[PDB]
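For ligands, and for the atoms within them, numbers begin at 1 and follow the listed sequence. Sequence positions, counted from 1, serve as the residue numbers for this chain. Note: hydrogens, waters and symmetry copies are ignored here, and every other heavy atom, side chains too, is used.
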Amino acid sequence: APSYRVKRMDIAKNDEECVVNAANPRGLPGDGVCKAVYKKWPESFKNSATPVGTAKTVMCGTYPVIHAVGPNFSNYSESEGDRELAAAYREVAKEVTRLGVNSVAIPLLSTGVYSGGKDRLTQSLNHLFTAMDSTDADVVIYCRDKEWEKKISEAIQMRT
Ligand SMILES: O=C(O)c1nc(=O)[nH]c2c1CCCC2
């Protein structure tokens, strides 16, 4: 019985068998959130570069870090941006399946400084759902805002 859950906490303190890093295509560490993923799994950033709309797994010991590069909507068109966001989540599902993990910690891609200053909770979450709905892994979504936690919780509830 694989479930969706949401937790308002630092993804770097996840209790899942792998994590998804909200990554840049340069495989570079970044600030804010990514700075805490880097600090907890720094050697996961060795050759972690992957193009926009792709995912790449780097092992930190035996702990898989899935570098998922959602589009920067500042740079992309709404329609291509949407295409790239869907693709990234699809590659995450592929990686989660290939790794054979029973659970994954995943943020909402392209909802922070890649959002183009827009609210993409529903857009990002629905693409997450489309991709992960075909996997048998428990999915734990990580956010920081209070409301977002609630809106994500409700969206999970009203599919079951
Ligand atoms: O806006 C986001 O949450 C986001 N989604 C990504 O897929 N990648 C990255 C970010 C922000 C930090 C830089 C990399």
Check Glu149 with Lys146, please: is the shortest side-chain N to carboxylate O separation under 4.0 Å? no
Considering heavy atoms of the protein only, find what lies nearest to atom 11 (C) of ligand 1 and give residue, atom and distance to 0.1 Å. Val113 CG2, 3.7 Å
Between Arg159 and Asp133, is there a salt bridge with N-O shorter than 4.0 Å? yes
protein heavy-atom neighbour closest to atom 4 (C) of ligand 1 works out as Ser110 N, 3.7 Å
Could you check whether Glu78 pairs with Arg120 (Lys NZ or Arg NE/NH1/NH2 to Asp/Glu carboxylate O, under 4.0 Å)? yes
Atom 7 (O) of ligand 1: which protein heavy atom is closest, and how many Å away? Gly70 N, 2.9 Å
Can you confirm, on distance only, whether ligand 1 has an N/O atom lying under 3.5 Å from any N/O atom belonging to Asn24? no
Proximal ligand 1 atoms for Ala68, defined as those under 4.0 Å from one of its heavy atoms: 7 (O)
Do ligand 1 and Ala23 have nitrogen or oxygen atoms that lie under 3.5 Å from each other? yes
Between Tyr38 and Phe45, is the ring centroid distance below 6.0 Å? yes
Using a 3.5 Å cut-off on N or O atoms only, is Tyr114 in polar contact with ligand 1? yes
In short, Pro107 meets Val20 closest at the heavy-atom pair CD-O, 3.3 Å
Consider ligand 1: state whether an atom of it lies below 4.0 angstrom from any non-hydrogen atom of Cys34. no
Any idea which atoms of ligand 1 are less than 4.0 Å away from a heavy-atom of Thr111? 1 (O), 2 (C), 3 (O)
Is the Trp41 ring parallel, tilted or perpendicular to the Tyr63 ring (thresholds 30°, 60°)? parallel
Looking only at protein heavy atoms, which one is nearest to atom 2 (C) of ligand 1, and how far off is it? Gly112 N, 3.3 Å
Can you see whether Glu91 engages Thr54 through a side-chain donor-acceptor pair at a distance of less than 3.5 angstrom? no
